[PDB]
Amino acid sequence: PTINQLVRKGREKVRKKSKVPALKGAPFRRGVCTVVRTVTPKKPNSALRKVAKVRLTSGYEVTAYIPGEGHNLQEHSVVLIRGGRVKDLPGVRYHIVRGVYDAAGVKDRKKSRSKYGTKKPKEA
Amino acid sequence: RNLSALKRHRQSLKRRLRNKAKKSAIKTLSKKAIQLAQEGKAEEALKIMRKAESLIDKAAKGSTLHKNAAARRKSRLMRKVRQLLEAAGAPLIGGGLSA
Amino acid sequence: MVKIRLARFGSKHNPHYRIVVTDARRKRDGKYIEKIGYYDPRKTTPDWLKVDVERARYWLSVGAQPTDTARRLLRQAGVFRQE
Amino acid sequence: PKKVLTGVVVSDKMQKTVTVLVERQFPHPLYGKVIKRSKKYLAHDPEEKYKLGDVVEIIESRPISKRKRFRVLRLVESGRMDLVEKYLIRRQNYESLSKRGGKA
Amino acid sequence: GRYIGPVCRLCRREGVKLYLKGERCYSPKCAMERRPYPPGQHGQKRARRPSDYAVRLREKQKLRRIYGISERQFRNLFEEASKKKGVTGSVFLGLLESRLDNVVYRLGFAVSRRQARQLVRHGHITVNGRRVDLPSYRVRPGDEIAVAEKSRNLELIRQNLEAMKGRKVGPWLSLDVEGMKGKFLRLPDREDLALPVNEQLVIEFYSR
Amino acid sequence: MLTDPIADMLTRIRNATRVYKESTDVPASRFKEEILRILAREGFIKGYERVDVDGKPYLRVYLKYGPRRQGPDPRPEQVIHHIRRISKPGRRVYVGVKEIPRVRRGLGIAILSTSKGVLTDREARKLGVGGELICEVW
RNA sequence: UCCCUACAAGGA
RNA sequence: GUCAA
RNA sequence: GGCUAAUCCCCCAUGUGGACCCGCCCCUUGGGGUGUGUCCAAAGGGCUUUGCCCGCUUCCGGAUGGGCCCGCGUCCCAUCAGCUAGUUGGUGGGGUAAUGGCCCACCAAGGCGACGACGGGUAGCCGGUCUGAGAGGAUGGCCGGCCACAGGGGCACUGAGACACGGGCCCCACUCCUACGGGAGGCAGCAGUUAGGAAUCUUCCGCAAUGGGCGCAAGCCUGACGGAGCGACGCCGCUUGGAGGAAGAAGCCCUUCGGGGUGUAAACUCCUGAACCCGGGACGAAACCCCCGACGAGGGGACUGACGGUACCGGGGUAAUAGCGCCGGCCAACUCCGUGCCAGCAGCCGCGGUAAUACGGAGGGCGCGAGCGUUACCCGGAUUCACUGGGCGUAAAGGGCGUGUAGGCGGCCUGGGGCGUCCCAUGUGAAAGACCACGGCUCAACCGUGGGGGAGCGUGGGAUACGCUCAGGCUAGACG
Ligand SMILES: [K+]
Ligand SMILES: [K+]
Ligand SMILES: [K+]
Ligand SMILES: [K+]
Ligand SMILES: [K+]
Ligand SMILES: [K+]
Ligand SMILES: [K+]
Ligand SMILES: [K+]
Ligand SMILES: [K+]
Ligand SMILES: [K+]
Ligand SMILES: [K+]
Ligand SMILES: [Mg+2]
Ligand SMILES: [Mg+2]
Ligand SMILES: [Mg+2]
Ligand SMILES: [Mg+2]
Ligand SMILES: [Mg+2]
Ligand SMILES: [Mg+2]
Ligand SMILES: [Mg+2]
Ligand SMILES: [Mg+2]
Ligand SMILES: [Mg+2]
Ligand SMILES: [Mg+2]
Ligand SMILES: [Mg+2]
Ligand SMILES: [Mg+2]
Ligand SMILES: [Mg+2]
Ligand SMILES: [Mg+2]
Ligand SMILES: [Mg+2]
Ligand SMILES: [Mg+2]
Ligand SMILES: [Mg+2]
Ligand SMILES: [Mg+2]
Ligand SMILES: [Mg+2]
Ligand SMILES: [Mg+2]
Ligand SMILES: [Mg+2]
Ligand SMILES: [Mg+2]
Ligand SMILES: [Mg+2]
Ligand SMILES: [Mg+2]
Ligand SMILES: [Mg+2]
Ligand SMILES: [Mg+2]
Ligand SMILES: [Mg+2]
Ligand SMILES: [Mg+2]
Ligand SMILES: [Mg+2]
Ligand SMILES: [Mg+2]
Ligand SMILES: [Mg+2]
Ligand SMILES: [Mg+2]
Ligand SMILES: [Mg+2]
Ligand SMILES: [Mg+2]
Ligand SMILES: [Mg+2]
Ligand SMILES: [Mg+2]
Ligand SMILES: [Mg+2]
Ligand SMILES: [Mg+2]
Ligand SMILES: [Mg+2]
Ligand SMILES: [Mg+2]
Ligand SMILES: [Mg+2]
Ligand SMILES: [Mg+2]
Ligand SMILES: [Mg+2]
Ligand SMILES: [Mg+2]
Ligand SMILES: [Mg+2]
Ligand SMILES: [Mg+2]
Ligand SMILES: [Mg+2]
Ligand SMILES: [Mg+2]
Ligand SMILES: [Mg+2]
Ligand SMILES: [Mg+2]
Ligand SMILES: [Mg+2]
Ligand SMILES: [Mg+2]
Ligand SMILES: [Mg+2]
Ligand SMILES: [Mg+2]
Ligand SMILES: [Mg+2]
Ligand SMILES: [Mg+2]
Ligand SMILES: [Mg+2]
Ligand SMILES: [Mg+2]
Ligand SMILES: [Mg+2]
Ligand SMILES: [Mg+2]
Ligand SMILES: [Zn+2]
């Protein structure tokens with residue numbers, strides 16, 4: 001565009017949209033479980049993916065993933081959402097943090113333990 | 001509770017009253033002067049005018065009306081009086097207006 | 001009134017004051033009017049005390065009132081000597 | 001120093017007061033292009049001396065009223081209705097924008 | 001802390017002999033002798049053409065692994081070197097070579113660097129007569145690095161300074177073997193050093 | 001009407017050189033001439049001279065080129081490789097002396113018009129002055 | 001669970 | 001009927 | 001209701017002087033001088049007690065602090081386009097320290113807007129900070145400056161100064177006391193409680209130091225401040241060992257069953273010796289004060305340490321924390337088993353349906369290390385809002401066409417002006433920060449001192465090529 005035009009209209013700074021309305025763009029938001037359903041993956045994939053409908057302290061109600069093999073969550077489990085979507089389930093954009101609240105930390109986990117919240121086992 | 005420095009409040013009231021008082025006087029004499037000055041009562045109006053002058057500067061001695069505030073008052077008065085008098089009769093008592 | 005006093009500029013357990021001219025009412029480490037010296041109370045340097053002896057004079061000349069500690073340092077730098 | 005600005009009188013419809021239009025040109029902060037903005041100042045004219053179309057000097061002054069902070073220093077030249085015209089026309093255009101517009 | 005673990009396993013990964021133990025890395029066994037290939041279950045398999053990245057990384061690793069410094073400390077020195085005037089490559093090298101724990105080694109007061117480290121940490125060393133227990137202390141030109149008076153009798157210091165009898169020392173360093181004291185004369189020139197490292201690749205590794 | 005007689009000239013010259021013409025005319029103006037003077041001095045062109053195409057003043061600009069060359073496309077090198085208009089009507093560009101640019105580490109030049117007259121970046125610099133940065137050339 | 005091919009479906 | 005190869 | 005002191009209040013005098021009216025002079029907005037008239041001063045106290053100290057009054061000035069005004073700059077929406085009655089200006093008043101619709105009476109009918117008025121949304125602003133090659137983007141915690149607020153709203157009193165966070169009055173909400181009439185209260189001070197939340201600490205020590213208030217001083221007050229406490233929250237330093245040691249233990253992992261790996265790693269020999277125990281043990285603190293001198297200059301003397309029996313010095317002295325992420329490509333690091341579109345991984349591309357370097361485990365490896373990862377947010381890469389630095393025939397993008405308003409842009413020659421533009425000098429650009437140098441804590445982080453910068457704006461002087469403007473001229477553009 002002409003300078004004159006740029007003078008008249010100028011360029012336009014465009015702002016990006018949050019992929020995580022876990023409000024107050026906090027790093028984590030606490031909630032309670034509505035449903036502890038199970039879901040099927042998208043196209044290329046196939047399996048029974050674990051999920052949860054969560055009522056947030058942020059006055060929000062969203063579905064969150066349950067990383068890990070183990071899992072002990074029920075219709076009233078207080079849990080901590082951490083944001084991070086599952087590319088396979090459209091509509092799932094937050095993971096649940098295993099190791100906080102009513103979310104037991106994956107058992108017999110010996111590798112990526114810090115994720116999945118699994119305390120160190122005594123080597124012996 | 002109980003901060004004895006509420007003594008400042010008692011004083012303010014006494015002071016307030018003491019101030020309020022001097023001012024009322026000032027006004028009443030000032031009005032009185034512009035009144036008589038406006039009626040050609042030269043000698044009488046100047047007489048009172050001087051009181052007002054005096055009372056004003058005195059007010060300015062302390063916190064009451066201290067300042068250029070005094071000056072303003074005096075000015076504005078010696079203004080109205082001399083004008084109202086010029087609108088008719090000669091300055092008899094030579095009050096405070098100068099030659 | 002305006003003063004000549006010490007402003008704290010060192011660090012924890014490492015004080016270093018700036019002999020300063022400032023309004024009595026300002027906070028101590030606040031915006032001063034002029035720096036006219038500095039003092040290392042622990043003489044960790046052969047230069048733990050310096051004073052713009054002329055400048056000090058100037059302010060004293062116009063009402064600057066020094067803290068007792070400030071006055072002390074000023075004297076030491078010979079701000080009051082006459083001979 | 002009290003600011004001295006030069007402008008053209010666009011209004012004398014006020015007792016002892018004339019509106020002085022004042023322009024200034026300058027580099028655009030990011031695009032360079034010398035752009036030219038303007039502003040109207042209500043200046044004091046106690047003698048009603050200055051007229052419409054006069055180019056005058058305006059000088060920073062002690063407030064004469066809320067909105068009036070300049071006095072007319074002097075006449076630089078006069079009779080430039082051309083400048084007045086522009087302003088008037090530009091103003092005409094206005095009421096020809098919103099749902100209240102009019103002429104072509 | 002420092003590395004603290006199998007050291008000759010690094011000589012092996014970098015394919016080039018490093019003197020982490022100093023001595024023994026001279027014997028018919030710095031391992032760089034028997035199995036001069038990478039550690040681990042695949043250390044003998046066919047190497048694969050390393051990536052431009054792989055290459056620089058490995059090269060930086062080598063250099064820093066020599067002085068046994070932490071990546072954090074390492075990186076901070078490098079940054080200091082960049083900001084500084086003169087060729088980052090060389091200057092950076094001068095700085096590494098100025099670490100006291102290093103100098104101590106260069107003067108032979110100790111056989112390896114790791115050993116020369118412990119010698120500083122344990123107060124056995126002195127700069128200008130004042131005890132200094134900071135491996136990272138930066139030795140400047142003029143500074144004389146001596147052995148702590150009170151420790152000039154340790155069996156270890158004996159042998160070490162003994163072996164230094166008739167032994168040569170870097171041009172930037174002087175060494176009076178009897179008085180168990182040395183002197184940092186000047187910062188070494190890239191030329192003075194003979195490191196199995198192309199510092200240039202490093203500067204690159206960090207410019208990424 | 002030409003919107004910008006300088007860009008026009010700069011261009012006639014750019015165009016003419018690409019088809020290796022010998023000379024090339026350009027409607028004359030003193031300012032325009034002043035520029036050629038530099039072009040000539042700097043040896044980008046053989047030189048110029050006034051003339052009258054139809055009793056109207058123009059300026060023949062005699063262009064220079066390199067020598068014929070080797071393999072395919074024996075066309076000579078251009079003496080004037082680059083020649084770009086900088087300040088333009090609708091976006092004038094002015095520079096202070098400390099901001100006169102350095103065209104190709106010196107291998108090139110910049111023509112600014114200053115109150116001390118039209119000069120090359122070095123000249124302007126030497127004479128301690130800035131002005132309108134007219135165009136660069138190399 | 002099996003038949004089908006890894007499934008869907010269909011079949012015992 | 002769908003995923004892949 | 002009664003008594004009473006004063007540095008409390010008032011009257012009279014004195015008038016250096018100052019205030020006000022009118023005149024005149026200089027100066028130019030209300031600055032300075034002068035004359036007449038008028039008006040205006042005061043507080044006493046202490047002694048080493050008859051002459052010094054603290055203080056009082058009027059005035060001129062200094063210094064510091066501050067009020068008010070002006071040019072320029074300061075986010076998003078035009079799915080906000082018209083806004084305005086104290087509104088704009090005037091005269092005369094009121095008000096103030098002071099200008100002003102600041103407020104009022106009356107007259108005039110104005111003022112503002114596309115250069116974005118009005119409306120809506122959001123927000124304390126700055127020095128700076130983060131990022132970036134830069135231009136720029138983002139940001140404003142800590143520290144320093146300015147503003148604003150002190151449960152919400154309004155108001156004034158006192159005073160040099162407040163419309164006053166720990167002053168006052170009223171209205172509202174809330175809590176509490178209540179003998180039901182009526183009262184008390186405001187932590188966005190320190191510390192702490194509770195609520196909310198993913199989340200943010202001691203109801204600590206001291207007044208020793210710096211600073212503040214009052215006092216002649218002694219000294220008192222000071223949750224300002226100087227310290228300690230808690231939290232890997234951050235930055236920096238440091239330790240978990242050093243040298244020797246097999247063609248190489250055992251176990252574990254692989255295997256072409258020959259062997260390869262973990263690996264000098266361990267064991268073990270020798271050495272030093274973090275922690276811990278003894279001893280010594282601080283700078284920060286020399287003033288105020290006192291004596292000499294003269295309550296001065298100068299000299300002499302005494303008192304005072306929270307931190308703390310801490311730092312640091314010396315003696316003795318144990319071989320004694322390692323974890324976390326990752327290993328399909330991008331990206332450093334590979335094998336076995338388990339599993340069988342399942343359980344699951346996943347930043348993007350993608351991986352798992354019987355031999356998966358991608359799932360889970362193990363061995364091995366890479367990276368970093370008192371940390372390592374994760375999530376969120378900011379700049380980068382992104383020349384992916386392009387000023388530097390992009391585009392629109394078919395990729396997203398030429399308005400369906402025209403007329404023409406504002407606006408942007410403007411051929412050739414001469415002259416004036418000097419607005420843009422360029423140059424010189426000068427003021428400004430606080431400190432901290434940033435950069436360089438030297439220096440103090442053993443280093444560093446941290447800190448001290450010194451040096452170099454700087455755009456923007458103000459002022460004076462200068463230049464005139466280009467742009468602008470004024471004046472004259474031309475004919476190549478345009479029109480006839
Ligand atoms: K004064
Ligand atoms: K001022
Ligand atoms: K900002
Ligand atoms: K900024
Ligand atoms: K010791
Ligand atoms: K050990
Ligand atoms: K694997
Ligand atoms: K980004
Ligand atoms: K279209
Ligand atoms: K249309
Ligand atoms: K001219
Ligand atoms: Mg732009
Ligand atoms: Mg799949
Ligand atoms: Mg009292
Ligand atoms: Mg009355
Ligand atoms: Mg008029
Ligand atoms: Mg007015
Ligand atoms: Mg460098
Ligand atoms: Mg061109
Ligand atoms: Mg070109
Ligand atoms: Mg079908
Ligand atoms: Mg499939
Ligand atoms: Mg009574
Ligand atoms: Mg009194
Ligand atoms: Mg007299
Ligand atoms: Mg009297
Ligand atoms: Mg008025
Ligand atoms: Mg007034
Ligand atoms: Mg108003
Ligand atoms: Mg405007
Ligand atoms: Mg608005
Ligand atoms: Mg807000
Ligand atoms: Mg960029
Ligand atoms: Mg409020
Ligand atoms: Mg309030
Ligand atoms: Mg509150
Ligand atoms: Mg309230
Ligand atoms: Mg008052
Ligand atoms: Mg209040
Ligand atoms: Mg309070
Ligand atoms: Mg809670
Ligand atoms: Mg704290
Ligand atoms: Mg104290
Ligand atoms: Mg004190
Ligand atoms: Mg108290
Ligand atoms: Mg504190
Ligand atoms: Mg924390
Ligand atoms: Mg060992
Ligand atoms: Mg004391
Ligand atoms: Mg790889
Ligand atoms: Mg399964
Ligand atoms: Mg994984
Ligand atoms: Mg650390
Ligand atoms: Mg960009
Ligand atoms: Mg984008
Ligand atoms: Mg562009
Ligand atoms: Mg594009
Ligand atoms: Mg298409
Ligand atoms: Mg298209
Ligand atoms: Mg078209
Ligand atoms: Mg037009
Ligand atoms: Mg032109
Ligand atoms: Mg024009
Ligand atoms: Mg001209
Ligand atoms: Mg000019
Ligand atoms: Mg400047
Ligand atoms: Mg300076
Ligand atoms: Mg500064
Ligand atoms: Mg040092
Ligand atoms: Mg500095
Ligand atoms: Mg100038
Ligand atoms: Zn080795």
# chains A, B, ... in the order shown; residues from 1 in each chain; ligands from 1
$ residues_near_ligand --ligand "ligand 68" --cutoff "8 Å" --atoms "only C-alpha atoms (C1' of nucleotides) and all ligand atoms" --output "count of residues only"
3
$ interface_residues --of "chain A" --to "chain H" --cutoff "10 Å" --atoms "only C-alpha atoms (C1' of nucleotides)" --output "ChimeraX atom specification"
/A:43-46
$ residues_near_ligand --ligand "ligand 41" --cutoff "9 Å" --atoms "only C-alpha atoms (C1' of nucleotides) and all ligand atoms" --output "PDB file with C-alpha atoms (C1' of nucleotides), in the first residue's frame"
ATOM      1  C1'   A I 195     -11.945 -16.147  52.390  1.00  0.00           C
ATOM      2  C1'   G I 196     -10.750 -16.659  47.248  1.00  0.00           C
ATOM      3  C1'   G I 197      -6.906 -19.211  44.629  1.00  0.00           C
TER       4        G I 197
END
$ residues_near_ligand --ligand "ligand 67" --cutoff "10 Å" --atoms "only C-alpha atoms (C1' of nucleotides) and all ligand atoms" --output "number ranges by chain"
I: 428-429, 453
$ write_last_selection --atoms "C-alpha atoms (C1' of nucleotides)" --output "PDB file, in the first residue's frame"
ATOM      1  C1'   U I 428      18.133  20.061  29.374  1.00  0.00           C
ATOM      2  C1'   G I 429      18.531  14.629  29.371  1.00  0.00           C
ATOM      3  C1'   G I 453      27.981   8.331  26.151  1.00  0.00           C
TER       4        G I 453
END
$ residues_around --residues "residue 68 (chain B)" --least-positions-apart "6" --cutoff "12 Å" --atoms "only C-alpha atoms (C1' of nucleotides)" --output "number ranges by chain"
B: 56-57, 59-61, 74-76; I: 18-20, 96-98
$ write_last_selection --atoms "N, CA and C atoms (P, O5', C5', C4', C3', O3' and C1' of nucleotides)" --output "PDB file, in the first residue's frame"
ATOM      1  N   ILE B  56      -9.524  44.208  59.467  1.00  0.00           N
ATOM      2  CA  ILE B  56      -9.030  43.279  58.457  1.00  0.00           C
ATOM      3  C   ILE B  56      -7.548  42.975  58.677  1.00  0.00           C
ATOM      4  N   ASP B  57      -6.723  44.018  58.683  1.00  0.00           N
ATOM      5  CA  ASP B  57      -5.293  43.819  58.879  1.00  0.00           C
ATOM      6  C   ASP B  57      -5.052  43.059  60.173  1.00  0.00           C
ATOM      7  N   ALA B  59      -7.061  40.914  61.463  1.00  0.00           N
ATOM      8  CA  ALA B  59      -7.442  39.537  61.195  1.00  0.00           C
ATOM      9  C   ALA B  59      -6.248  38.850  60.562  1.00  0.00           C
ATOM     10  N   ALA B  60      -5.562  39.574  59.682  1.00  0.00           N
ATOM     11  CA  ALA B  60      -4.408  39.021  58.994  1.00  0.00           C
ATOM     12  C   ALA B  60      -3.208  38.781  59.917  1.00  0.00           C
ATOM     13  N   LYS B  61      -3.220  39.364  61.121  1.00  0.00           N
ATOM     14  CA  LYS B  61      -2.113  39.167  62.077  1.00  0.00           C
ATOM     15  C   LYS B  61      -1.910  37.682  62.361  1.00  0.00           C
ATOM     16  N   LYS B  74      -9.238  44.829  51.684  1.00  0.00           N
ATOM     17  CA  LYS B  74      -9.038  46.260  51.816  1.00  0.00           C
ATOM     18  C   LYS B  74      -9.226  46.903  50.444  1.00  0.00           C
ATOM     19  N   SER B  75      -8.487  46.399  49.463  1.00  0.00           N
ATOM     20  CA  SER B  75      -8.588  46.931  48.117  1.00  0.00           C
ATOM     21  C   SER B  75     -10.046  47.017  47.672  1.00  0.00           C
ATOM     22  N   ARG B  76     -10.692  45.864  47.535  1.00  0.00           N
ATOM     23  CA  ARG B  76     -12.083  45.823  47.092  1.00  0.00           C
ATOM     24  C   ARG B  76     -13.009  46.813  47.802  1.00  0.00           C
TER      25      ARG B  76
ATOM     26  P     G I  18       8.949  48.570  52.698  1.00  0.00           P
ATOM     27  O5'   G I  18       7.598  47.746  52.895  1.00  0.00           O
ATOM     28  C5'   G I  18       7.604  46.303  52.886  1.00  0.00           C
ATOM     29  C4'   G I  18       6.293  45.763  53.407  1.00  0.00           C
ATOM     30  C3'   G I  18       5.031  46.205  52.688  1.00  0.00           C
ATOM     31  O3'   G I  18       4.756  45.446  51.532  1.00  0.00           O
ATOM     32  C1'   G I  18       4.721  46.429  55.020  1.00  0.00           C
ATOM     33  P     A I  19       3.742  46.031  50.429  1.00  0.00           P
ATOM     34  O5'   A I  19       2.321  45.967  51.119  1.00  0.00           O
ATOM     35  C5'   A I  19       1.716  44.706  51.426  1.00  0.00           C
ATOM     36  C4'   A I  19       0.321  44.913  51.946  1.00  0.00           C
ATOM     37  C3'   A I  19      -0.569  45.775  51.072  1.00  0.00           C
ATOM     38  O3'   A I  19      -1.175  45.040  50.050  1.00  0.00           O
ATOM     39  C1'   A I  19      -0.702  46.526  53.295  1.00  0.00           C
ATOM     40  P     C I  20      -1.387  45.718  48.616  1.00  0.00           P
ATOM     41  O5'   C I  20      -2.599  46.712  48.833  1.00  0.00           O
ATOM     42  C5'   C I  20      -3.896  46.201  49.138  1.00  0.00           C
ATOM     43  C4'   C I  20      -4.854  47.326  49.419  1.00  0.00           C
ATOM     44  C3'   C I  20      -4.915  48.446  48.396  1.00  0.00           C
ATOM     45  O3'   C I  20      -5.694  48.148  47.265  1.00  0.00           O
ATOM     46  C1'   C I  20      -4.811  49.379  50.556  1.00  0.00           C
ATOM     47  P     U I  96     -11.871  33.099  49.843  1.00  0.00           P
ATOM     48  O5'   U I  96     -10.597  32.591  49.063  1.00  0.00           O
ATOM     49  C5'   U I  96     -10.342  31.184  48.941  1.00  0.00           C
ATOM     50  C4'   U I  96      -9.163  30.932  48.028  1.00  0.00           C
ATOM     51  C3'   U I  96      -7.905  31.733  48.303  1.00  0.00           C
ATOM     52  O3'   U I  96      -7.141  31.157  49.355  1.00  0.00           O
ATOM     53  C1'   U I  96      -8.358  31.717  45.976  1.00  0.00           C
ATOM     54  P     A I  97      -6.320  32.111  50.352  1.00  0.00           P
ATOM     55  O5'   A I  97      -5.043  32.516  49.521  1.00  0.00           O
ATOM     56  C5'   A I  97      -4.225  33.624  49.913  1.00  0.00           C
ATOM     57  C4'   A I  97      -3.133  33.829  48.899  1.00  0.00           C
ATOM     58  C3'   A I  97      -3.642  33.964  47.479  1.00  0.00           C
ATOM     59  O3'   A I  97      -3.902  35.325  47.216  1.00  0.00           O
ATOM     60  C1'   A I  97      -1.916  32.325  47.571  1.00  0.00           C
ATOM     61  P     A I  98      -5.180  35.739  46.348  1.00  0.00           P
ATOM     62  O5'   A I  98      -4.771  35.285  44.902  1.00  0.00           O
ATOM     63  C5'   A I  98      -3.641  35.882  44.244  1.00  0.00           C
ATOM     64  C4'   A I  98      -3.308  35.135  42.977  1.00  0.00           C
ATOM     65  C3'   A I  98      -4.486  34.770  42.092  1.00  0.00           C
ATOM     66  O3'   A I  98      -4.866  35.896  41.304  1.00  0.00           O
ATOM     67  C1'   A I  98      -3.001  32.917  42.299  1.00  0.00           C
TER      68        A I  98
END
$ residues_around --residues "residue 97 (chain D)" --least-positions-apart "6" --cutoff "12 Å" --atoms "only C-alpha atoms (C1' of nucleotides)" --output "ChimeraX atom specification"
/D:90-91,103-104 /I:81-82,113-114,405-406
$ write_last_selection --atoms "C-alpha atoms (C1' of nucleotides)" --output "PDB file, in the first residue's frame"
ATOM      1  CA  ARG D  90     -13.622  20.933   4.895  1.00  0.00           C
ATOM      2  CA  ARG D  91     -16.288  21.729   7.488  1.00  0.00           C
ATOM      3  CA  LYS D 103     -24.267  17.849  -1.104  1.00  0.00           C
ATOM      4  CA  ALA D 104     -22.016  16.115  -3.685  1.00  0.00           C
TER       5      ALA D 104
ATOM      6  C1'   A I  81     -20.733  10.040  13.684  1.00  0.00           C
ATOM      7  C1'   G I  82     -22.512  13.681  14.850  1.00  0.00           C
ATOM      8  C1'   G I 113     -15.820  16.843  15.099  1.00  0.00           C
ATOM      9  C1'   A I 114     -13.285  12.450   9.849  1.00  0.00           C
ATOM     10  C1'   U I 405     -15.400  16.734  -2.834  1.00  0.00           C
ATOM     11  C1'   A I 406     -11.641  16.672   0.918  1.00  0.00           C
TER      12        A I 406
END
$ closest_residue --among "I:304, I:354, I:442, I:29" --to "residue 6 (chain G)" --atoms "only C-alpha atoms (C1' of nucleotides)"
I:354
$ residues_near_ligand --ligand "ligand 11" --cutoff "10 Å" --atoms "only C-alpha atoms (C1' of nucleotides) and all ligand atoms" --output "list in words"
residues 414, 415, 416, 417, 418 and 464 of chain I
$ write_last_selection --atoms "N, CA, C and O atoms (P, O5', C5', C4', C3', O3' and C1' of nucleotides)" --output "PDB file, in the first residue's frame"
ATOM      1  P     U I 414      17.740  28.939 -12.951  1.00  0.00           P
ATOM      2  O5'   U I 414      17.162  30.394 -12.591  1.00  0.00           O
ATOM      3  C5'   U I 414      17.670  31.568 -13.263  1.00  0.00           C
ATOM      4  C4'   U I 414      17.038  32.837 -12.722  1.00  0.00           C
ATOM      5  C3'   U I 414      17.037  33.060 -11.217  1.00  0.00           C
ATOM      6  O3'   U I 414      18.271  33.572 -10.747  1.00  0.00           O
ATOM      7  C1'   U I 414      14.929  33.656 -12.129  1.00  0.00           C
ATOM      8  P     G I 415      18.650  33.439  -9.188  1.00  0.00           P
ATOM      9  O5'   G I 415      17.609  34.406  -8.448  1.00  0.00           O
ATOM     10  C5'   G I 415      17.713  35.832  -8.596  1.00  0.00           C
ATOM     11  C4'   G I 415      16.569  36.539  -7.901  1.00  0.00           C
ATOM     12  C3'   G I 415      16.354  36.262  -6.422  1.00  0.00           C
ATOM     13  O3'   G I 415      17.240  36.981  -5.597  1.00  0.00           O
ATOM     14  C1'   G I 415      14.269  36.227  -7.538  1.00  0.00           C
ATOM     15  P     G I 416      17.653  36.382  -4.164  1.00  0.00           P
ATOM     16  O5'   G I 416      16.383  36.699  -3.262  1.00  0.00           O
ATOM     17  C5'   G I 416      15.949  38.051  -3.097  1.00  0.00           C
ATOM     18  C4'   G I 416      14.655  38.124  -2.324  1.00  0.00           C
ATOM     19  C3'   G I 416      14.559  37.411  -0.986  1.00  0.00           C
ATOM     20  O3'   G I 416      15.172  38.113   0.065  1.00  0.00           O
ATOM     21  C1'   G I 416      12.562  37.081  -2.223  1.00  0.00           C
ATOM     22  P     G I 417      15.929  37.300   1.225  1.00  0.00           P
ATOM     23  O5'   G I 417      14.756  36.631   2.051  1.00  0.00           O
ATOM     24  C5'   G I 417      13.742  37.442   2.671  1.00  0.00           C
ATOM     25  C4'   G I 417      12.595  36.584   3.159  1.00  0.00           C
ATOM     26  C3'   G I 417      12.941  35.444   4.108  1.00  0.00           C
ATOM     27  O3'   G I 417      13.037  35.878   5.448  1.00  0.00           O
ATOM     28  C1'   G I 417      11.456  34.661   2.431  1.00  0.00           C
ATOM     29  P     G I 418      14.134  35.224   6.424  1.00  0.00           P
ATOM     30  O5'   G I 418      13.784  33.681   6.428  1.00  0.00           O
ATOM     31  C5'   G I 418      12.486  33.205   6.827  1.00  0.00           C
ATOM     32  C4'   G I 418      12.437  31.707   6.697  1.00  0.00           C
ATOM     33  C3'   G I 418      13.404  30.942   7.597  1.00  0.00           C
ATOM     34  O3'   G I 418      12.820  29.714   7.993  1.00  0.00           O
ATOM     35  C1'   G I 418      13.903  30.504   5.321  1.00  0.00           C
ATOM     36  P     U I 464      23.695  30.452   1.329  1.00  0.00           P
ATOM     37  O5'   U I 464      22.630  29.433   0.743  1.00  0.00           O
ATOM     38  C5'   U I 464      23.020  28.122   0.289  1.00  0.00           C
ATOM     39  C4'   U I 464      21.801  27.337  -0.125  1.00  0.00           C
ATOM     40  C3'   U I 464      20.881  28.034  -1.122  1.00  0.00           C
ATOM     41  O3'   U I 464      20.404  27.112  -2.064  1.00  0.00           O
ATOM     42  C1'   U I 464      19.665  27.459   0.838  1.00  0.00           C
TER      43        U I 464
END
$ residues_around --residues "residue 107 (chain F)" --least-positions-apart "2" --cutoff "12 Å" --atoms "only C-alpha atoms (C1' of nucleotides)" --output "MDAnalysis selection string"
chainID F and resid 42 79:82 102:105 109:110 121:122 136:138
$ residues_around --residues "region 11-15 of chain E" --least-positions-apart "4" --cutoff "10 Å" --atoms "only C-alpha atoms (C1' of nucleotides)" --output "list in words"
residues 7, 19, 20, 25, 30, 31, 32, 33, 34, 35, 36, 37, 38, 39, 40, 43, 58, 59, 61, 62, 63, 65 and 66 of chain E
$ atom_distance --atom1 "CA of residue 15 (chain B)" --atom2 "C1' of residue 214 (chain I)"
23.0 Å
